[PDB]
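Consider the single chain below, provided in structure tokens and representing the form deposited in one PDB entry.
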């Protein structure tokens, strides 16, 4: 069994290392960072792991019995080192010195304070402005999926019917760590797939049901709570759990977010989110992100969002003011959570004090209608307790302002006089001794001292007690000092105790406003998004969309592509119609399709869009078969299947070249059947194809569009006007030629084309 360390030598394991091993084997998959004084240490193989991983120095901690390896890092840089460690895939186990040193039974009590897992981080410097989720998956009456953001207390979940739905929901939440129920873990089949589709870190957790609701949900939830409660090291700060239904929002499968690069790019470029987000606060960015993850289906609320955006679009003054003020607004939502968790540092409070000072200016600028909570009381006491620049930890320098604590002002009082003492003494001795240069100094090793140079050694009085000798200086001590020096240490010792109590007192003060802090967070976050979305409209020429059943876009453009090129706007009118798009490659087909979806996606999120006039219907979902079964034809077909099994007459469907990847024959066949299917379905379907046949089909709601090329001076020039009607001819041979194909080879091709044309 386990209970031994890697150290060479016989005899027993020292009292400390003993305590080290005792905790180290309770968290087998965590790198244990042992708190020994002002350093975090690791011994044995664990010490080696560290040294190399962090380039630290490898040393040893020798004892009578044996000698083991040692590696440590100064607490000062804990987080600094933590971050690096986490990014490599380690779970950290922080074992701290619980009870103080001065009052310990020899060996100071040490226990694991917190656990640092990628999906349960609370450390602000270790978190992105974005939401950080822990996700739990379980079975038992369908698929159970739950998320928890330990830093904000967001706690939500649902139950999905298919393995497909689960993966979609999971992929739109971008979980940073996943807990898999017993069943799924065992099943090597599933695990492979999951591990392959979501390269996220996996972790073990007990899936004992918790609360009420579908068995599956209760298990995932419990798993979350079980795990998080363990890494936090105490009760968690949870928000009302949301058992939500993804059927209430617009469907955005994984293939759509990916193909549309809503959150992640295909080529280290921009994404819809990067381009759209100009929020100033972190909760703001989170809100916006949340909105994109689940676009609304309901006209009313979307119109509500659009009014508030339009508001700031008009009030440029106001809009720039609110944004000018939010630049300084801290993550209240997270701060409120750190407080409730009794983790708030003086850094946090200083931050809180600044944010709260912005409130009243926002109140004035927008009016008392914003609903902002009145924290003026809290804000003030903070300004009256904290230094203009709050230090990191309490025991060190001044944290509380002078004049705030009667008990503490008397302490700095006594300390000031006490220090002055030694100053007075200097002059008294420089006289009695007649030694002009006589200094009075201090230092950790010997305490307060009287210093005298060599030229005056024979001039030093009997009374002086030697304490330290240097190259050409000697240091003495009088009895008076010895006393007054301990009066100073007592003070200093009392000054810390109190300064920290006052801090803790004031903190708890802010902790009773946590909920108020939370609601200001929400209000100010919406404020942030509304102004940001407006900022984006103004800067990039977007307009307010109008909803209805007919889609009529005028001068629409791709929101991301136009960011890096003179983009030629285009129009579109659809209505449960089947719109085929033909024309030469490099002309614009694929970009046109993508442009259409993004516009729809932006509108149904409440943002203005990249067009001159945009009348949009409320799509129940955006489905795509763009870009991307051993074969390609099979992979593309599997997608058409999915798209075909969920599209409704209220779905925006975008097909790009469906039918490619096989025989010309099965090509047209499949494409035709498919195009007929989506036609019957009655969804809004944009199909970019190379089978001119599909354009001639005998369908009642079939419309035709095309892009074109003009064979000019230097070959072929592709314009991007998406003109009405079908494409006339294909430009393959022409392109081949342009590509450099030997002139005879091309001419032979033209002859073959014209021969087959002759029937």
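Positions refer to the first chain, counted from 1. Superpose the two forms; the largest set of C-alphas matching within 1.5 Å is the rigid core.
Below: the form deposited in another entry, not depicted.
Following superposition on the rigid core between this form and the one not shown, the residue from 441, 342, 247, 128 with a C-alpha displacement of 2 angstroms or more is 441, and no other.
Core-superposed comparison between this form and the one not shown: the Cα of residue 72 travels 2 Å or more. Core-superposed comparison between this form and the one not shown: the Cα of residue 290 travels less than 2 Å. Superposed on the core, the two forms barely differ at residue 183: its CA moves less than 2 Å between this form and the one not shown.
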